[PDB]
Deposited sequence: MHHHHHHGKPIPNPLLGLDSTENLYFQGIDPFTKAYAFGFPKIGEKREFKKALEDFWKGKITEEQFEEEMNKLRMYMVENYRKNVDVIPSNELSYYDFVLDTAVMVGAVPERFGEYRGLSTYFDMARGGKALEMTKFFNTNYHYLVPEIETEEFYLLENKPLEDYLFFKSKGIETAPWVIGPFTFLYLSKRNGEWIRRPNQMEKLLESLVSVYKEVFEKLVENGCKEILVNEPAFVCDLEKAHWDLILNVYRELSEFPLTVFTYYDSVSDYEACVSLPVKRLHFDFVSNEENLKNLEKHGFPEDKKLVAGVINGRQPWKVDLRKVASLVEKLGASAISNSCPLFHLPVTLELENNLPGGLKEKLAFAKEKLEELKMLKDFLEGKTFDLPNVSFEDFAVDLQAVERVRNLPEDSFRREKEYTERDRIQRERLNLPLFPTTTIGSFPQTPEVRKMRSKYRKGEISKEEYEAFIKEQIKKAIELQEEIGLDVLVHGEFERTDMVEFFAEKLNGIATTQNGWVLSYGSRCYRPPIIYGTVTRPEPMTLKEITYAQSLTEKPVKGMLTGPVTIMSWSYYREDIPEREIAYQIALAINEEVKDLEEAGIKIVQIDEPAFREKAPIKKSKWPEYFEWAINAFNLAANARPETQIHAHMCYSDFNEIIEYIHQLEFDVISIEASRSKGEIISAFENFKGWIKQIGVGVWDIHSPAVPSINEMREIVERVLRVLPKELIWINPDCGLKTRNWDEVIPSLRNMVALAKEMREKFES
């Protein structure tokens, strides 16, 4: 007998019923009861998929917005500003609106969770959702194992007084109180017949201190009386021996995303006093795997239990209806449902019951000169050439993203002649240029009205990459993304933005920047082959992006912006593995940005702090970098002030693009005065924090005007 496990199966539904029910309820189109009914149909759908493939059925997985927030509610972590917890009304207020909790990436994934705010050191059992869901399935005659976020990971993903609760001394006191609630929750489940509880402790894979593990031992020693199964994933466990010494009868490990877990098990072994649950089916990549080999690993691991490596919700629901994919691709794919089925086949087998798309020229082309990663001349030399060619005034102004998209624009996109559309875009671009000239901007953008996503736009134009029809993946709340699929050698068969950029530039005398997405970002928002090293794929895409950079140059574009939000976002969970990663990330960006001395390269990143990556940022060969400085009132400039030898230009974002309230010239002035207390005035550009697509035209116009005015006052 081989016990099969599974978790994280998508909750959105094959037709995104989850999304429709959420928005319908928010819009007031359906009652809260109807919402519940819709949610229950999804519960049954999830449970039926599990039942048909594995032995252990999870429960408490269908969060109405975010499971981390659910955990916060369970333990009473409800900020005072929300008042008395009234249920869904309060729930959604914590999740969205003007008083909502902070949203951030869940580890190194595509999913975003809501950050709990710990205002009091006393947790109490506010609502036992695990017991509720447990009983709901019991009523339908189905036994289930509650899925909960562990006490350690919960605190690790939360903050107090605006700071992370990650230091042992910070967590110690809180944990004692926190564990108590978990104790009450587990006690209530066992009394009602719960046989197994699935505890998720992914934070065990972060670079922890020995001191953290001493805390983790106390926490679990107190929970030893309960039938708990601990899961860890996304990377290897920081301290193997300490983890396997934990008083828990069964432990799950991720043997897919890393090689360290296996090596440690081979060196130290696994306690005959516990059972191993082998996470051997990838939950973040869509490829079919040779089950004979997975079976070998299980046997080697000595484990008698299997499951997916990490949550399955990072994959689409099912491959079933993807019949318009390139030739030969579907047969090599496997989504959430197919993964579940892969675990069943693996179960049966174990119990005894039972060169694709490769471009040789391109691959070799990328494989074979250092100079490809280094621009001909150093910054100081390029700066002079560029400044003489652009002739820009002190404190130049610009924007670094897409402009708002009116309903007519959005509608025009969906609605039908390839010429009527291309004509509609140019009319939009034309108006965009005129508006920028009227307000007084110095460097312009074409608006990007023809783009819906900064990665899908290019993926559709890249060879070796495919797009799906129903491959939706939950991003956060009710927002879903459709990740592209890099299945073969990547190459660019024809210019991707020339038409739009060129046309925009012919309408004005001022410089219009090219707008591109970096290679690491294109790779990280999409699924990709595991047969070849990440570096290679990144380089191939970078090559492709560079060919575009050159066409823009030949066409006469004097400035090109390259957005690489993944620079830090795709960085490993373990900072200890950052050196290796940043080595190729930096190379990838530079290969794509390897432009002529006279071409001004702009790098854009919406990070709230550069203290931890400034050393890596410094190796990127851009000429100017835009940052978000409004929130910190420019204090975010410190990382740059303290970097001895910093000399490149900085685009200082002086307006929070996430707030509709127009900023006052006086407020923006405070930000600029702050940044120029140390750095030379010639390095400073003035611009908004980030993209403008989520804003309205009547909020932008005035804001941009106030920005231009302050620019002049500054002179």
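Student: Relative to the deposited sequence numbered from 1, which residue ranges are unmodelled?
Tutor: Gaps vs deposited seq, in order: 1 to 31, 386 to 394, 409, 457 to 461, 762 to 766.
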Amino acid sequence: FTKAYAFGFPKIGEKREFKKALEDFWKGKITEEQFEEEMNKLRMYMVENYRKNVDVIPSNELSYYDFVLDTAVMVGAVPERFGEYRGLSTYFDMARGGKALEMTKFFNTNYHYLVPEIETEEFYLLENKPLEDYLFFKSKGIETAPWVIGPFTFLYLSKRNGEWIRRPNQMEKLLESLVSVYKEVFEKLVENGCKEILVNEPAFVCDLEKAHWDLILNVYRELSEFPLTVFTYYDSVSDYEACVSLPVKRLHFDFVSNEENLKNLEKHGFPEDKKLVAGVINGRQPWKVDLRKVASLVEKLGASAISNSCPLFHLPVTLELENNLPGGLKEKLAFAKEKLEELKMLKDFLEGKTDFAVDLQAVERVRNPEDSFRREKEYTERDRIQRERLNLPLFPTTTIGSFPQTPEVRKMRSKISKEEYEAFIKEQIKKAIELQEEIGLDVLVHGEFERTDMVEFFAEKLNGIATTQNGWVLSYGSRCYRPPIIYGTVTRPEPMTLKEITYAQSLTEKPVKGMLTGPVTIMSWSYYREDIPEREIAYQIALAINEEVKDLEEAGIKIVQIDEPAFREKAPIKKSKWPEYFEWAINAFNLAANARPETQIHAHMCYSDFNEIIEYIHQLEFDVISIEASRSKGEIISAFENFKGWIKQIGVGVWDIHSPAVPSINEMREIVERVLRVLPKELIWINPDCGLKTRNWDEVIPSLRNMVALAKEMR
From here on, numbers count along this sequence of modelled residues.
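Between two forms, the rigid core is the largest collection of C-alphas that superpose within 1.5 Å.
Student: Comparing against the shown form in 5 other deposited structures of this protein, which stretch has the larger RMS C-alpha deviation after a rigid core superposition, 67 to 75 or 399 to 407?
Tutor: Result of the core-fitted comparison in 5 other deposited structures of this protein: 399 to 407 deviates more.
Student: If you line up the core and then measure how far each C-alpha sits from this form in 5 other deposited structures of this protein, which stretch comes out higher, 296 to 304 or 226 to 234?
Tutor: Clearly, after the core fit, the stretch farther away in 5 other deposited structures of this protein is 296 to 304.
Student: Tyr156: absent from a third or more of the other PDB entries compared?
Tutor: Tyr156: modelled in every other compared entry.
Student: Relative to the other compared entries, is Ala211 without coordinates in a third or more of them?
Tutor: That residue is present in all of the other compared entries.
Student: If you average the Cα B factors in the entry, which is higher, 655 to 663 or 53 to 61?
Tutor: Between 53 to 61 and 655 to 663, it is 655 to 663.
Student: According to the deposited model, is the average Cα temperature factor higher in 335 to 343 or in 490 to 498?
Tutor: Stretch with the greater average CA B-factor: 490 to 498.
Student: Per the coordinate record, which of the options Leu297, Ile425, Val520, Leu125 holds the highest CA temperature factor?
Tutor: Across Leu297, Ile425, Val520, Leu125, the entry lists the biggest C-alpha B-factor for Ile425.
Student: Between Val75, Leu543, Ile485, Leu394, where does the Cα B-factor run highest in the record?
Tutor: That would be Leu394.
Student: Against its chain's modelled residues, does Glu163's Cα B factor rank lowest, middle or highest third?
Tutor: Ranked within chain, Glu163 CA B lands in the middle tercile.
Student: Within this chain's modelled residues, let me know which third the CA B factor of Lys11 belongs to: lowest, middle or highest.
Tutor: Lowest third of the chain for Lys11's C-alpha B-factor.
Student: Check where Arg631 lands among this chain's C-alpha B-factors and tell me if it's the lowest, middle or highest third.
Tutor: As the PDB entry reports it, the C-alpha B-factor of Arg631 lands in the highest third of its chain.
Student: Taking the entry's C-alpha B-factors for this chain, is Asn687 in the lowest, middle or highest third?
Tutor: Tercile = middle for this residue's CA B-factor.
Student: Could you say whether, by C-alpha temperature factor, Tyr85 belongs to the lowest, middle or highest third of its chain?
Tutor: Top third by C-alpha B-factor.
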